[PDB]
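In: Structure for the following, please:
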Amino acid sequence: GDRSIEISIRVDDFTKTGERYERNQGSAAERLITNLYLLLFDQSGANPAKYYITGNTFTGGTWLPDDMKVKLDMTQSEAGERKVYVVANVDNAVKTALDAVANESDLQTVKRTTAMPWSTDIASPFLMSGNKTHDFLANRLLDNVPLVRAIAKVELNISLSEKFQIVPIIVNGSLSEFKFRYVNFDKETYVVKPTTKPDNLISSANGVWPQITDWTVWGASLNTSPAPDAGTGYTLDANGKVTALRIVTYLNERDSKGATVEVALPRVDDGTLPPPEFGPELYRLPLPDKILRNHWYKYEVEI
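Out: Numbering: from 1, shown residues only. The protein structure is shown below:
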């Protein structure tokens, strides 16, 4: 007869890509779901039924986080065919904007802004969204809505050539002579990406090479055990020379080109460097011309 409905959800693996394609489930922190917001639109993309879920029992249904299942009291006959959206890890701003949504077309307007849109201000738990159109009359169970993280990840592993293998000054773990900045990162995390996502761009420092005063010192957070999912780190050899660097950050998706990571690297002077030429060198890594949500871009470079 006419039964209540169920929706299974899953967290979609990262797509990991470098010089080309693997799926990676990431860490527990990357998969963590603390809340859900369901929007069940009619076939026209209108008149959504909405459920905001922060625990196992709510008005209109239950959530079984260990089985990744939402049970809604809504019957099959009430549900019919729905465009089902699920959003995970909404903050008050996103939850409030979802309360206001009237139509499916509104979802691409819902966004969270981050003033410093990189690690660690972008961190777990991650905003995610997914959708599936489903006829509940044919099957009371929707298996499944895949939740796709709204952010991306960049991992840059640098192996240093001997020119850059200084013995660094280390200040509370940081390499005080090595600095970096992020250029033209987007501040917005959209729940659903518009067809062409507009730009809201910021850099982590304003200095243009060779003015690196306001850039960020290279840190040591990735050196410890267990390592955090994001941060900076480095390798020292038995003589204390630095031989490798690592940087891992989350960032927002972009449909437009020009995001970059810039790095200032000290160099060894063998006794022949002219004094007028003293100073670090610049490395620039152009990030993808289109940075895709839930992609993990891995770079392995020798400098």
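In: hey, let's count contacts and neighbours off CA atoms from now on
Out: Fine.
In: Pull the contacting residues for residue 297.
Out: Contacts here follow Cα atoms under 8 Å, 6 or more residues apart in numbering; on that basis residue 297 touches 16-18, 153-155.
In: care to break the chain down by domain?
Out: Structural domains annotated on the chain: 1-149, 150-303, as defined by curated CATH domains.
In: Number of residues surrounding residue 270?
Out: Counted with other Cα atoms under 10 Å, the neighbours of residue 270 add up to 7.
In: Please list the members of the contacts of residue 297 that lie in helices.
Out: Among the contacts of residue 297, the subset assigned to helices under DSSP state H is empty.
In: Any of the residues you listed buried? List them.
Out: Among the contacts of residue 297, those buried by neighbour count (16 or more other Cα atoms under 10 Å) are 16, 153-155.
In: Distance to residue 229 added to those, as a markdown table?
Out: Output for these, formatted as a markdown table (distance: Cα to Cα, whole Å):
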| residue | distance to residue 229 |
| --- | --- |
| 16 | 15 |
| 153 | 10 |
| 154 | 11 |
| 155 | 10 |
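In: now, which of those residues sits nearest residue 191?
Out: Closest approach between the buried ones among the contacts of residue 297 and residue 191, by Cα to Cα: residue 153, at 16.8 Å.
In: Show me the beta-bridge partners of the closest one.
Out: For residue 153, the beta-bridge partners under DSSP bridges are residue 250, residue 296.
In: what's near enough to touch it?
Out: Neighbours of residue 153 in contact, by Cα under 8 Å, 6+ apart: 248-251, 294-297.
In: Could you export the residues you listed to CSV, including columns for distance to residue 71?
Out: Listed next are those as CSV, based on distance: Cα to Cα, whole Å:
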residue, distance to residue 71
248, 38
249, 36
250, 33
251, 33
294, 27
295, 30
296, 32
297, 36
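In: tell me which of the residues you listed is nearest to residue 131?
Out: residue 294 (15.2 Å).
In: Tell me who's in contact with the closest residue to residue 32 other than its chain neighbours.
Out: Closest residue to residue 32 in three dimensions, ignoring its sequence neighbours and counting by Cα to Cα, 6 or more residues apart in numbering: residue 125, at 5.9 Å. For residue 125, the contact set (Cα under 8 Å, 6+ apart) comprises 29-34, 89.
In: at 10 Å instead, please
Out: 28-35, 88-91, 149 (Cα atoms under 10 Å, 6 or more residues apart in numbering).
In: picking up where we left off before, farthest pair within the contacts of residue 153?
Out: 248 and 294 (14.3 Å).
In: So which bits of stretch 120-135 are buried?
Out: 122-135.
In: Moving C-terminal from the helix or strand containing residue 247, which element do we reach first?
Out: According to DSSP states H and E, residue 247 maps onto strand 242-252. Per DSSP H and E, the first helix or strand lying C-terminal to strand 242-252 is strand 260-265.
In: one step back: filter the contacts of residue 125 down to the ones in strands?
Out: Under the assignment DSSP state E, the contacts of residue 125 contribute 88, 149 to strands.
In: Quick check: of the contacts of residue 125, which lies closest to residue 257?
Out: Residue 257 has its nearest neighbour among the contacts of residue 125 in residue 149, at 20.8 Å by Cα to Cα.
In: Of the contacts of residue 153, which is the nearest to residue 107?
Out: Using Cα to Cα, the contacts of residue 153 come closest to residue 107 at residue 294, 18.2 Å.
In: Around the closest one, how many other residues sit close by?
Out: Applying other Cα under 10 Å, I find that residue 294 has 22 neighbouring residues.
In: you'd agree it is up against residue 130?
Out: No. The pair residue 294 / residue 130 is not scored as a contact, 11.9 Å apart, by Cα atoms under 10 Å.
In: okay, and the common contacts of the two?
Out: 12, 147-150.
In: do you know how far residue 121 is from residue 115?
Out: As for residue 121, its distance to residue 115 is 8 Å (criterion: Cα to Cα, to the nearest Å).
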